[PDB]
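A single chain, nothing else alongside it, follows as C-alpha coordinates in the form deposited in one PDB entry.
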(Lines give C-alpha, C1' and ligand atoms only; values in the text may rest on other atoms or scores of the structure.)
Protein backbone atom coordinates (compact mmCIF):
# COMPACT_ATOMS: atom_id res chain seq x y z
CA UNK A 1 0.00 0.00 0.00
CA UNK A 2 1.99 2.97 -1.42
CA UNK A 3 -0.11 5.43 0.46
CA UNK A 4 1.29 4.59 3.84
CA UNK A 5 4.80 3.40 3.02
CA UNK A 6 5.47 6.98 1.87
CA UNK A 7 4.05 8.65 4.95
CA UNK A 8 5.76 5.94 7.02
CA UNK A 9 9.08 6.77 5.42
CA UNK A 10 8.53 10.44 6.03
CA UNK A 11 7.67 9.85 9.69
CA UNK A 12 10.63 7.50 10.09
CA UNK A 13 12.81 10.38 8.95
CA UNK A 14 11.29 12.58 11.63
CA UNK A 15 11.70 9.87 14.28
CA UNK A 16 15.36 9.23 13.39
CA UNK A 17 16.01 12.95 12.97
CA UNK A 18 14.14 14.38 15.96
CA UNK A 19 13.02 11.54 18.19
CA UNK A 20 13.53 7.90 18.91
CA UNK A 21 12.41 4.35 19.10
CA UNK A 22 12.38 3.22 22.71
CA UNK A 23 12.08 -0.21 24.30
CA UNK A 24 11.78 0.37 28.05
CA UNK A 25 11.98 -2.34 30.75
CA UNK A 26 10.29 -1.17 33.97
CA UNK A 27 10.22 -3.00 37.28
CA UNK A 28 7.03 -5.01 37.15
CA UNK A 29 8.24 -6.88 35.05
CA UNK A 30 6.59 -4.08 33.10
CA UNK A 31 7.56 -2.83 29.68
CA UNK A 32 6.83 -0.01 27.27
CA UNK A 33 7.41 0.69 23.58
CA UNK A 34 7.65 4.23 22.35
CA UNK A 35 7.61 5.85 18.94
CA UNK A 36 8.81 9.44 19.57
CA UNK A 37 9.15 12.67 17.55
CA UNK A 38 10.07 15.77 19.60
CA UNK A 39 9.96 19.39 18.34
CA UNK A 40 9.93 22.95 19.76
CA UNK A 41 7.06 24.09 17.48
CA UNK A 42 3.60 23.17 18.86
CA UNK A 43 1.97 23.97 15.62
CA UNK A 44 4.13 21.69 13.52
CA UNK A 45 3.57 18.83 15.95
CA UNK A 46 -0.22 19.26 16.29
CA UNK A 47 -1.14 20.36 12.76
CA UNK A 48 1.17 18.38 10.49
CA UNK A 49 2.93 15.56 12.28
CA UNK A 50 0.02 14.36 14.51
CA UNK A 51 -2.44 14.15 11.61
CA UNK A 52 0.04 12.06 9.59
CA UNK A 53 0.79 9.83 12.56
CA UNK A 54 -2.95 9.49 13.24
CA UNK A 55 -3.73 8.41 9.71
CA UNK A 56 -0.95 5.79 9.89
CA UNK A 57 -2.23 4.55 13.23
CA UNK A 58 -5.88 4.34 12.08
CA UNK A 59 -4.71 2.46 9.00
CA UNK A 60 -2.53 -0.07 10.85
CA UNK A 61 -5.34 -0.56 13.34
CA UNK A 62 -3.14 0.57 16.21
CA UNK A 63 -5.32 1.34 19.23
CA UNK A 64 -2.84 3.48 21.15
CA UNK A 65 -3.31 7.21 21.68
CA UNK A 66 -1.14 10.00 20.25
CA UNK A 67 0.25 11.59 23.42
CA UNK A 68 1.53 15.18 23.18
CA UNK A 69 3.62 16.02 26.22
CA UNK A 70 4.71 19.59 26.92
CA UNK A 71 8.24 19.25 28.26
CA UNK A 72 10.21 22.34 29.22
CA UNK A 73 12.45 22.69 26.16
CA UNK A 74 10.41 20.60 23.74
CA UNK A 75 7.08 19.17 22.67
CA UNK A 76 6.96 15.36 22.47
CA UNK A 77 4.65 13.46 20.17
CA UNK A 78 4.57 9.99 21.73
CA UNK A 79 2.80 6.77 20.75
CA UNK A 80 3.15 4.03 23.35
CA UNK A 81 2.72 0.88 21.24
CA UNK A 82 4.54 -2.43 20.73
CA UNK A 83 2.99 -2.84 17.29
CA UNK A 84 3.99 0.64 16.10
CA UNK A 85 7.44 0.40 17.65
CA UNK A 86 8.30 -2.75 15.68
CA UNK A 87 6.57 -1.42 12.61
CA UNK A 88 9.18 1.34 12.52
CA UNK A 89 12.13 -0.60 13.93
CA UNK A 90 11.67 -3.31 11.26
CA UNK A 91 11.25 -0.71 8.56
CA UNK A 92 14.48 0.91 9.70
CA UNK A 93 16.28 -2.42 9.47
CA UNK A 94 15.19 -2.73 5.83
CA UNK A 95 16.10 0.88 4.97
CA UNK A 96 18.49 -0.06 2.13
CA UNK A 97 15.58 -1.75 0.33
CA UNK A 98 13.56 1.46 0.28
CA UNK A 99 12.08 2.37 -3.11
CA UNK A 100 12.21 5.75 -4.82
CA UNK A 101 8.93 6.87 -3.23
CA UNK A 102 10.13 6.14 0.27
CA UNK A 103 13.65 7.50 -0.24
CA UNK A 104 12.27 10.88 -1.20
CA UNK A 105 9.85 10.80 1.70
CA UNK A 106 12.58 9.60 4.08
CA UNK A 107 14.97 12.34 2.93
CA UNK A 108 12.25 15.01 3.21
CA UNK A 109 11.61 13.73 6.71
CA UNK A 110 15.27 13.64 7.70
CA UNK A 111 15.71 17.13 6.28
CA UNK A 112 12.70 18.74 8.05
CA UNK A 113 14.24 17.39 11.25
CA UNK A 114 17.99 17.69 10.69
CA UNK A 115 18.48 20.01 7.74
CA UNK A 116 19.63 23.55 7.13
CA UNK A 117 16.28 25.29 7.20
CA UNK A 118 17.39 28.63 5.91
CA UNK A 119 18.08 26.80 2.60
CA UNK A 120 21.01 29.17 2.00
CA UNK A 121 23.01 26.01 2.06
CA UNK A 122 21.61 22.50 2.00
CA UNK A 123 23.06 20.60 4.93
CA UNK A 124 21.93 17.56 6.96
CA UNK A 125 23.59 16.75 10.30
CA UNK A 126 23.83 13.34 12.00
CA UNK A 127 26.28 11.27 14.08
CA UNK A 128 25.45 8.15 12.13
CA UNK A 129 27.77 8.35 9.13
CA UNK A 130 26.39 5.07 7.69
CA UNK A 131 22.92 6.56 7.58
CA UNK A 132 24.31 9.60 5.75
CA UNK A 133 26.25 7.40 3.32
CA UNK A 134 22.93 5.76 2.45
CA UNK A 135 21.10 9.05 1.90
CA UNK A 136 24.11 10.08 -0.20
CA UNK A 137 23.74 7.25 -2.71
CA UNK A 138 20.01 7.81 -3.06
CA UNK A 139 20.85 11.46 -3.70
CA UNK A 140 23.57 10.49 -6.21
CA UNK A 141 21.27 8.06 -8.06
CA UNK A 142 18.75 10.94 -8.19
CA UNK A 143 21.01 13.47 -9.87
CA UNK A 144 22.00 15.29 -6.68
CA UNK A 145 25.68 15.74 -5.89
CA UNK A 146 26.77 15.77 -2.29
CA UNK A 147 29.63 15.15 0.10
CA UNK A 148 29.97 13.86 3.64
CA UNK A 149 32.49 15.01 6.18
CA UNK A 150 32.98 15.51 9.92
CA UNK A 151 31.45 18.87 10.79
CA UNK A 152 31.57 18.76 14.61
CA UNK A 153 34.87 17.35 15.84
CA UNK A 154 33.65 17.94 19.42
CA UNK A 155 30.59 15.63 19.26
CA UNK A 156 31.36 13.40 16.31
CA UNK A 157 28.61 14.98 14.20
CA UNK A 158 28.89 14.44 10.44
CA UNK A 159 27.24 16.64 7.82
CA UNK A 160 25.87 15.73 4.40
CA UNK A 161 26.37 18.80 2.19
CA UNK A 162 24.14 18.97 -0.86
CA UNK A 163 25.71 20.79 -3.76
CA UNK A 164 24.16 24.17 -4.46
CA UNK A 165 24.69 23.21 -8.13
CA UNK A 166 21.86 20.68 -7.93
CA UNK A 167 20.03 23.09 -5.60
CA UNK A 168 16.77 23.22 -7.50
CA UNK A 169 16.54 19.54 -8.33
CA UNK A 170 16.92 18.84 -4.62
CA UNK A 171 14.44 21.36 -3.23
CA UNK A 172 11.93 20.83 -6.04
CA UNK A 173 12.15 17.01 -6.20
CA UNK A 174 12.71 16.15 -2.55
CA UNK A 175 11.83 18.85 0.02
CA UNK A 176 8.57 19.99 -1.57
CA UNK A 177 7.57 20.51 -5.22
CA UNK A 178 5.80 23.78 -4.24
CA UNK A 179 8.83 25.16 -2.38
CA UNK A 180 10.97 27.73 -4.22
CA UNK A 181 14.64 26.51 -4.34
CA UNK A 182 16.12 29.99 -3.78
CA UNK A 183 14.68 31.44 -0.53
CA UNK A 184 14.14 35.09 0.55
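So that the term is clear: the rigid core is the largest set of C-alpha atoms that superpose within 1.5 Å between two forms. Positions refer to the first chain, counted from 1.
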| item | value |
| --- | --- |
| 111 to 119 set against 39 to 47, stretch whose average Cα temperature factor tops the other in the entry | 39 to 47 |
| Between the two ranges 80 to 88 and 98 to 106, the one averaging a larger CA B factor in the entry | 98 to 106 |
| Options 68, 132, 144, 157 - largest CA temperature factor per the record | 144 |
| Out of 171, 21, 162, 11, residue topping the C-alpha B-factor column of the entry | 171 |
| Position of residue 61 among the chain's modelled residues by C-alpha B-factor, lowest, middle or highest third | highest |
| Residue 153 by Cα B-factor - lowest, middle or highest third of the modelled chain | middle |
| Chain-wide C-alpha B factor ranking for residue 30, given as lowest, middle or highest third | middle |
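The form deposited in another entry is left out here; the points below concern that form.
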{"item": "Core-superposed comparison between this form and the one not shown: the option from 59, 152, 133, 42 whose CA moves 2 angstroms or more", "value": "152"}
